[PDB]
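Worksheet: the structure to be examined is printed underneath.
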Amino acid sequence: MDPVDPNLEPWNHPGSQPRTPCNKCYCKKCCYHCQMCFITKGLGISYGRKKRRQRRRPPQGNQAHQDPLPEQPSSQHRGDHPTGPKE
């Protein structure tokens with residue numbers, strides 16, 4: 001997960017708000033994040049038991065709110081952690 005950039009990746013969320021995205025800690029409320037904190041379903045680098053780093057590239061709205069990529073509210077790359085599938 002960490003060697004891309006990242007713009008909007010298959011799974012790479014650093015933090016949340018205010019529109020940051022990273023902060024000095026993972027997840028971290030201000031500001032929006034509703035309920036789902038970080039349940040580790042996809043063990044690339046940032047989700048990781050003996051891995052885990054953190055990289056920050058756009059402003060951003062979607063990379064402060066989102067877990068997955070498409071506008072499809074369910075689970076397993078669909079609506080992974082907010083009220084928010086795309087944002």
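Starting from 1 in every chain, residues are counted up; chains themselves are A, B, ... following the order of the structure tokens, and ligands are numbered from 1 as listed.
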
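If you count only C-alpha atoms and ignore residues fewer than 3 places along the chain from range 73-86 of chain A, what sits within 6 Å of it is residues 34, 36, 67, 68, 69 and 70 of chain A.
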
Shell around residue 52 in chain A at 12 Å using only C-alpha atoms, local window under 2 positions removed, as a ChimeraX atom specification: /A:1-2,12-14,26,40,42-50,54-55

Atoms kept (N, CA, C and O atoms) for selection, written as a CSV table (one decimal), in the first residue's frame:
chain,number,residue,atom,x,y,z
A,1,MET,N,0.8,-1.3,0.0
A,1,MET,CA,0.0,0.0,0.0
A,1,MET,C,0.8,1.3,0.0
A,1,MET,O,0.7,2.2,-0.9
A,2,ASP,N,1.8,1.5,1.0
A,2,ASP,CA,2.7,2.7,1.0
A,2,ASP,C,3.6,3.0,-0.3
A,2,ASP,O,3.7,4.2,-0.6
A,12,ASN,N,-6.2,2.4,0.9
A,12,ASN,CA,-5.2,3.1,1.7
A,12,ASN,C,-5.8,4.4,2.3
A,12,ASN,O,-5.8,5.5,1.7
A,13,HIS,N,-6.4,4.3,3.5
A,13,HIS,CA,-6.9,5.5,4.3
A,13,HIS,C,-5.9,5.9,5.5
A,13,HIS,O,-5.8,5.2,6.4
A,14,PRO,N,-5.2,7.1,5.4
A,14,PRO,CA,-4.3,7.5,6.6
A,14,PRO,C,-5.0,7.9,7.9
A,14,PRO,O,-4.6,7.4,9.0
A,26,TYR,N,-3.7,7.8,13.6
A,26,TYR,CA,-4.7,7.0,12.7
A,26,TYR,C,-6.2,7.3,13.2
A,26,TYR,O,-6.5,7.4,14.3
A,40,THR,N,-9.3,-4.3,10.4
A,40,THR,CA,-8.2,-4.6,9.4
A,40,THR,C,-8.5,-5.8,8.4
A,40,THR,O,-8.0,-6.9,8.5
A,42,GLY,N,-7.8,-6.6,4.8
A,42,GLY,CA,-6.9,-6.4,3.6
A,42,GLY,C,-5.5,-6.1,4.0
A,42,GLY,O,-5.1,-4.9,4.1
A,43,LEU,N,-4.6,-7.1,4.2
A,43,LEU,CA,-3.3,-6.9,4.8
A,43,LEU,C,-2.1,-6.6,3.9
A,43,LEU,O,-1.0,-7.2,3.9
A,44,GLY,N,-2.2,-5.4,3.2
A,44,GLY,CA,-1.1,-4.9,2.2
A,44,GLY,C,0.1,-4.3,2.9
A,44,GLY,O,1.1,-5.0,3.0
A,45,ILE,N,0.0,-3.1,3.3
A,45,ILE,CA,1.0,-2.4,4.2
A,45,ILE,C,0.3,-1.7,5.4
A,45,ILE,O,0.4,-2.1,6.5
A,46,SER,N,-0.4,-0.6,5.1
A,46,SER,CA,-1.1,0.3,6.2
A,46,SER,C,-2.1,-0.5,7.1
A,46,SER,O,-2.0,-0.5,8.3
A,47,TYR,N,-3.1,-1.2,6.6
A,47,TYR,CA,-3.7,-2.4,7.3
A,47,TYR,C,-2.6,-3.6,7.4
A,47,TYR,O,-2.2,-4.1,6.4
A,48,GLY,N,-2.1,-3.9,8.6
A,48,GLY,CA,-0.9,-4.8,8.8
A,48,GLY,C,-0.6,-5.2,10.2
A,48,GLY,O,-0.4,-4.3,11.1
A,49,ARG,N,-0.4,-6.5,10.5
A,49,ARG,CA,0.1,-7.0,11.8
A,49,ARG,C,1.6,-6.7,12.1
A,49,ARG,O,1.9,-5.8,12.9
A,50,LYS,N,2.5,-7.4,11.5
A,50,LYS,CA,4.0,-7.0,11.4
A,50,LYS,C,4.3,-6.3,10.0
A,50,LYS,O,5.1,-6.7,9.2
A,54,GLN,N,2.2,4.7,6.5
A,54,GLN,CA,1.2,5.8,6.4
A,54,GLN,C,1.7,6.9,5.5
A,54,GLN,O,2.7,7.6,5.8
A,55,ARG,N,1.0,7.2,4.3
A,55,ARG,CA,1.5,8.1,3.3
A,55,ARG,C,0.3,9.1,2.8
A,55,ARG,O,-0.8,8.6,2.6

Polymer residues at most 12 Å from residue 27 in chain A, only C-alpha atoms, same-chain spacing of 3 or more positions, as a ChimeraX atom specification: /A:13-18,20-24,30-39,54,63-67,81-82

Distance of CA of residue 57 in chain A from CA of residue 8 in chain A, expressed in Å to one decimal place: 9.5 Å

Residue among A:72, A:87, A:56, A:62 lying closest to residue 4 in chain A, counting only C-alpha atoms: A:56

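Of the listed residues (A:19, A:58, A:53, A:71), A:58 comes nearest to residue 5 in chain A; the distances count only C-alpha atoms.
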